[PDB]
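A.B. asks: sequence isn't available, so here's the structure alone:
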Ligand SMILES: [Cu+2]
Ligand SMILES: [Cu+2]
């Protein structure tokens, strides 16, 4: 009753990529992300290694150091907003999330309506995450930047 | 293969072990010392314990931590200091770094007994956040601390 799934999970590049959203969350350290008071939801991305991950992460492990930009398109008003989700941890493990202003957005067009959510994923090497490339203990190349799309209906803050 | 270092510590809800292998070719090329100019690849295995106080499931890797190392040739008294960087190999993510021992031209870091010190700071310091709301929140991270290890260096393993 507090967590709202978005679309269905995608399984590409050795990871299950799922989206959900909550009420806006108070997150420390404060100041990095939108204050909970100024947001309407807290969009999150649940990304974990699939069985037989091609990059050395055991099944179920959280895929870290990923660069994830997002785009929220209200297809009914045509309004679009961009951003990036941030690594953090909660009651149920690490994830990428962000507090997002929906109806409280000043520019307008982000209230009740149908939505097209896109995650733009870039591999961890962008942030210097290392990768053994020796013959014995090396893992294969990371995926190239890709995107996944979900559809959902926004009806306000998860009450 | 994998040479263990000392015995694994357990504190602050973490499994903390120390290992070192032969020098490793790591990409992107340029962030860590080249394996050609290093004698060992020092690694640090850190995973969440059962009932982790910061919301990490049992066995999960602990990411975004800042683990600074120190190696002290107790025979020569030489002191080496640096950082371990996050990476991944054939058997999961970890923090590692290639270190120049005998090949370090400043000398004093050859064979002998060593003192390994892990300076560990919690993931916040790298912008990693945490929920602090009443429903999904988790407890505060640990304060900076240190775990010390015991190993006798014989050269590059093989
Ligand atoms: Cu979050
Ligand atoms: Cu390594």
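C.D. replies: Okay, I see it. Numbering: from 1, shown residues only, chains lettered A, B, ... in the order given. Ligands and ions are numbered 1, 2, ... in the order given.
A.B. asks: residues from chain A in reach of chain B?
C.D. replies: Taking CB under 8 Å from any CB of the partner chain as the contact definition, chain A meets chain B at A:2, A:22, A:25-29, A:32-33, A:36, A:55-58, A:61-62, A:64-65, A:86-94, A:125, A:128-134, A:136-139. Bear in mind the C-beta positions are built from the backbone N, C-alpha and C, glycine included.
A.B. asks: if we check ligand 1, which of these are in contact?
C.D. replies: For ligand 1, the contacts drawn from these by CB under 5 Å from the ion are residue A:88.
A.B. asks: are any of the residues of chain A next to chain B buried, and if so which?
C.D. replies: A:22, A:25-28, A:33, A:36, A:55-57, A:61-62, A:64-65, A:86-90, A:93-94, A:125, A:129-134, A:137-139 (16 or more other CB atoms under 10 Å in any protein chain shown).
A.B. asks: taking those residues one by one, which sit in strands?
C.D. replies: Using DSSP state E, the subset of those located in strands is A:22, A:27, A:28, A:86, A:87, A:88, A:89, A:90, A:93, A:94, A:131, A:132.
A.B. asks: which of the residues you listed sits closest to ligand 2?
C.D. replies: residue A:132 (6.0 Å; CB to the ion).
A.B. asks: that closest one and residue B:87 touch, don't they?
C.D. replies: Yes: Residue A:132 lies in contact with residue B:87 (CB atoms under 8 Å); the separation is 6.7 Å.
A.B. asks: which neighbours do those two share?
C.D. replies: residue B:26 (CB atoms under 8 Å, 6 or more residues apart in numbering or on different chains).
A.B. asks: so what's the spatially most central residue of chain A bridging to?
C.D. replies: By CA atoms, centre = their mean, chain A has its centre lying nearest to residue A:45, at 2.9 Å. Beta-bridge pairing of residue A:45 under DSSP bridges involves residue A:19, residue A:96.
A.B. asks: please tell me how far residue A:12 sits from ligand 2.
C.D. replies: The gap separating residue A:12 from ligand 2 is 27 Å, by CB to the ion, to the nearest Å.
A.B. asks: quick check, that residue in contact with residue A:144.
C.D. replies: No: using CB under 8 Å, residue A:12 is not in contact with residue A:144; the gap is 11.3 Å.
A.B. asks: tell me which of these two has more neighbours.
C.D. replies: Neighbour tally, residue A:12 and residue A:144, criterion other CB atoms under 10 Å in any protein chain shown: the higher count belongs to residue A:12, 13 against 9.
A.B. asks: identify the residues contacting that one.
C.D. replies: By CB under 8 Å, 6+ apart, residue A:12 lies in contact with A:143, A:146, A:148.
A.B. asks: what residues are up against the residue of chain A at minimum distance from chain B?
C.D. replies: Using CB to the nearest CB, the single residue of chain A nearest to chain B is residue A:130, 2.6 Å away. When contacts are counted by CB under 8 Å, 6+ apart, residue A:130 touches B:26, B:27, B:28, B:31, B:32, B:85, B:86, B:87, B:88, B:96.
A.B. asks: ok, and the closest non-adjacent residue to it?
C.D. replies: Among residues not flanking residue A:130 along the chain, residue B:87 sits closest, at 2.6 Å (CB to CB, 6 or more residues apart in numbering or on different chains).
A.B. asks: so which residues on chain A come close to ligand 2?
C.D. replies: Residues of chain A lying close to ligand 2 by CB under 5 Å from the ion: none are found.
A.B. asks: try it again at 6 Å.
C.D. replies: residue A:132 (CB under 6 Å from the ion).
A.B. asks: residue in chain A nearest to ligand 1?
C.D. replies: Closest approach between chain A and ligand 1, counting by CB to the ion: residue A:97, at 2.7 Å.
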